[PDB]
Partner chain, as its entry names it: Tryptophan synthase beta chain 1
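First comes one chain, alone, set out as structure tokens in the form deposited without the partner chain.
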């Protein structure tokens, strides 16, 4: 879905507010190869500390499941940059999968990542998304075996998203191991969410096969620091991670 060597900015929808998220996105596009928009949820038991707090914030500031599409609808008015919507199953299962997928397709969403998709509903979900034109994005952690990575790759139409609860300040060997294993198995391109925070992390991961490097934590960190005034600090951090 994105060019090799891509830096993939991740932001939580509505942190601090929807209009502000849109501002940050339009401010990081020039560096992005793709954008990942998260939908805040009550129990983000899969995310790390920093990102869990962005959800806690978004929800505090009054967020609604459909404020995310607005962010995308408006972003499109200026960019074609592929957009992947990140979410927990709950929101989708409540509003209706096909209903949710179709609506995202209308606002401009290209693909979607469901962090905790029940294997019991994975099949139907992938088929529906396909009918609706939404490329799928599946996740894998360091405790994912080669055999599941293969199953994941065969279902994936967008790209495989490798993560690490670990954190860092260096990328843990377990995450590196996961990357190597993924490149050796996945036919789809892969992006890594290993919580980068240093220019040496980006250089190293791209060098090791990561088709794309996601950058969330390091941005959400700043966002939860400067709020609306995060913009400029976001660009300097991105440039740092680029060495520019």
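Residue numbers count along the first chain shown, from 1.
What comes next is about the form deposited with the partner chain bound, which is not displayed.
>> Can you tell me whether residue 53 touches the partner chain? I mean in the entry with it bound, with a 4.5 angstroms heavy atom cut-off.
In response: Residue-level check for residue 53: yes, a contact with the partner chain.
> Hey, in the entry with it bound, is residue 139 touching the partner chain, heavy atoms inside 4.5 Å?
Replying inline: Although the partner chain is absent here, residue 139 would touch it in the entry with it bound, with heavy atoms inside 4.5 Å.
> Going by a heavy atom distance of 4.5 Å, is residue 48 a contact of the partner chain in the entry with it bound?
Replying inline: Yes, residue 48 is a contact residue.
> Is there a non-hydrogen atom of residue 107 within 4.5 angstroms of a non-hydrogen atom of the partner chain in the entry with it bound?
Replying inline: Result no; residue 107 lies far from the partner chain in the entry with it bound.
>> Using a 4.5 Å heavy atom cut-off, which of 209 to 217, 25 to 33, 38 to 46, 191 to 199 contacts the partner chain in the entry with it bound?
In response: Result for this chain: 38 to 46.
> Of the options 72, 171, 128, 152, which one has a non-hydrogen atom that comes within 4.5 Å of the partner chain in the entry with it bound?
Replying inline: None of the other options qualify; the answer is 152.
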